[PDB]
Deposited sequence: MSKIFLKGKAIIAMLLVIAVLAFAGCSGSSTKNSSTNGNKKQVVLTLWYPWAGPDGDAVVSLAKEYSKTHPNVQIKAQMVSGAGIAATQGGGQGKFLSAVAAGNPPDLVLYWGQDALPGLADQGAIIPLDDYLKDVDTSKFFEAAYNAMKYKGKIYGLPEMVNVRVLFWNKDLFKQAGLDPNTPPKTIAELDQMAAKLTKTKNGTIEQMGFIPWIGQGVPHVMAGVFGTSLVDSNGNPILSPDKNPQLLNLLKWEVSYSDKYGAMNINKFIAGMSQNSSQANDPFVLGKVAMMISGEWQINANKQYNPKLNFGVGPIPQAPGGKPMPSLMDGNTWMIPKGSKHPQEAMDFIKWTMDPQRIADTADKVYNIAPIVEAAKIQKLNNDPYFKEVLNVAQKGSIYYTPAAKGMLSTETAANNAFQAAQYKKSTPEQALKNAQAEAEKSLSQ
C-alpha cells in the first residue's frame, strides 16, 4: 500500500548495497514498499530544494556528507527528528557522528556511515622509483620530494604522475583542515581571502606549485577521461597512473574491485606546515527527512531497521565504511583486514577534525572550489583568486 521514495547519492557498490537494503526491507514489510532512486549527491551537494519547494520531495534521503545539514535545517527544508527518536538509544552511535546531527537545539539527521580521509600510495611504482614501499611521506615536503621521483615526463608529455593535489579527496573543504584552517569562521562566515585566512593561501600556493612544475595543460591531458573527485573504476589511482592520492577509506573497495592485483598502501595524510600531524577529516553519510515527506514514520522505521548492529556491520563491510554504531564497528569483519586496520589506526592516532557547521557552507565551498581551479589554471594568481572568492562568497 504505502510506497516510500528514497534518494541515495551514488551508483556502484554503495548504490547496490542501498538498493539491496531497500529490497530486503520491503520483503519483510509487505505494507511498506521502498523505491530507491539514485540521484547524484542526493541533489544537494555544493534537485533537492527544487522538489521540496514544488511539494514533491522524496520521503527520505541519504547524503554523502554532513556539511549541508545546517543550511537545510535553517531553511526548514528538512524536518526535526526529536519526536521520532524517544525509542532510539542514540548513545549507541559514535558521539562525534551523532553530534554532527544537532542544529539550534534539534536533531535533523542520523549518521549512516563514518568516513575518514587517508593517503593511498602505489607500492609497485614506489619500488620502481627505488622507494621503500612501506614508507609513506610524513610531511608535505617529503610528499613533494617523493612525487618528483615518481613523475615521468617525455618532452612535456606526462607518462606517470607522482601526485596530483586536487584529485580524489584533495578538495578545498577537506584540505583546508590539513593546512590547519577552515573555509568559514566560528560564526559561519566565509574566510577565503589571504587577509582573513593566510593558511588557505598557503594551501592553494602549495597546489599551484604542481601546475607550475608540470603544466596545468599537461596534467589535464594526462588524466583526460578519468574520474577526478568521485572514486570509481576509472579514477587515476585505480588505473595505476598516479603513485599517491588522498581519498576516503572507501577507496580500498574501489581499488580491490577494479584491480585485485594492484599492490597499494593506505596511511595518514602528510602533515602540512601550520597543521597538525596525521591530519584527518572524520565525517559520514547522513539520513535526512525532508519537509513534505508523506510518510516520515515509515521512513524512520526503515532507518531504524538499517542501524541494527549486525546488519549495519554487514553493510559497512560491503562498502568499506566505518559503522556509525559503536558495537557494530567492533563486529565488522574488516577489523582483520590489513588495509582497514591502517584506516582504523588513523581514526585512533590521527589529529581528527570535523565538518564545520555554517548555514552558508555550500555556497562558500562553491566560491572556494572556483578559486582553486582558477589558480590551478593560471587564470589568476592565488592571492587574487582568493580575494575574488571572498567577494563571491559574501
Give me the ranges of the deposited sequence that have no CA atoms here, in sequence order. 1-41, 88-94, 443-447
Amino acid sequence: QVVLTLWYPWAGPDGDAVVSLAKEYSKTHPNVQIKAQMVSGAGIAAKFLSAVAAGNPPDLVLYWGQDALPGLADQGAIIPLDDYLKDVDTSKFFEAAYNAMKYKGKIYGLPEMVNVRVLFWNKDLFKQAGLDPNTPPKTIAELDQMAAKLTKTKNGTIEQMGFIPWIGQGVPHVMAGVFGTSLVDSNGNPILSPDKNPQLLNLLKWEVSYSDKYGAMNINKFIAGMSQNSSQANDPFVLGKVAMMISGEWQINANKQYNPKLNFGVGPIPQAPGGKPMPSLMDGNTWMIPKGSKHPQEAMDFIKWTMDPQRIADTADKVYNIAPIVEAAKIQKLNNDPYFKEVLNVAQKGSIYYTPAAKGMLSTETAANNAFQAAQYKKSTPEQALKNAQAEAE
From here on, numbers count along this sequence of modelled residues.
As stated in the PDB record, which stretch has the larger average Cα B-factor, 166-174 or 68-76? 68-76
Comparing 260-268 with 210-218, which has the greater mean CA B-factor as deposited? 210-218
Looking at 41, 350, 338, 58, which one carries the largest C-alpha B-factor according to the PDB entry? 338
Between 344, 54, 368, 325, where does the Cα B-factor run highest in the record? 54
Against its chain's modelled residues, does residue 9's Cα B factor rank lowest, middle or highest third? lowest
Residue 25 - which third its CA temperature factor falls in, relative to the rest of the chain: middle
How does residue 236 rank on Cα B-factor within its chain, lowest, middle or highest third? lowest
Against its chain's modelled residues, does residue 34's Cα B factor rank lowest, middle or highest third? middle
Within this chain's modelled residues, let me know which third the CA B factor of residue 137 belongs to: lowest, middle or highest. middle
